[PDB]
């Protein structure tokens, strides 16, 4: 079973997005915690795409895929935005490039602790992809 969702990069769509995701995954009858982590993770990755990948420019589009299979939730968040120069560096706990916007640099760390896997692929000026598995 699979679902795909795109939407303009407006902060006003963030709640809708993670709720949509949680609604589709609910078919695996998860726990409130299991759901809570997923929604948080989605919120974490989608927010990255909007503020970093598009620099809060709504004309941008966030793409979320959710392929479910054999009890496994294969979640992917993509953006054809700015891309990430040093990924080995972004993956550094407490690292951020937007301290003016009070971003704490906890994103990937959270995604890491909530998901059994996190693969962040990216090329500069092309955009990005973050794959999570649970």
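Numbering follows the first chain given and starts at 1. C-alpha atoms forming the largest set that superposes within 1.5 Å between two forms make up the rigid core.
Superposition on the core shows that, in 4 other deposited structures of this protein, the C-alpha atoms drift more in one of 101-109 and 76-84; this is 101-109. Taking the mean C-alpha B-factor of each stretch as recorded, 19-27 and 122-130 are not equal, and the higher mean is that of 122-130.
Mean CA B-factor, 81-89 versus 44-52: the higher value falls on 81-89. Per the deposited record, the Cα B-factor of residue 9 falls in the highest third when ranked against the other modelled residues of its chain.
When the CA B factors of the chain's modelled residues are split into thirds, the value for residue 75 lands in the lowest one.
Sort the chain's modelled residues by C-alpha temperature factor and residue 66 lands in the lowest third, per the entry.
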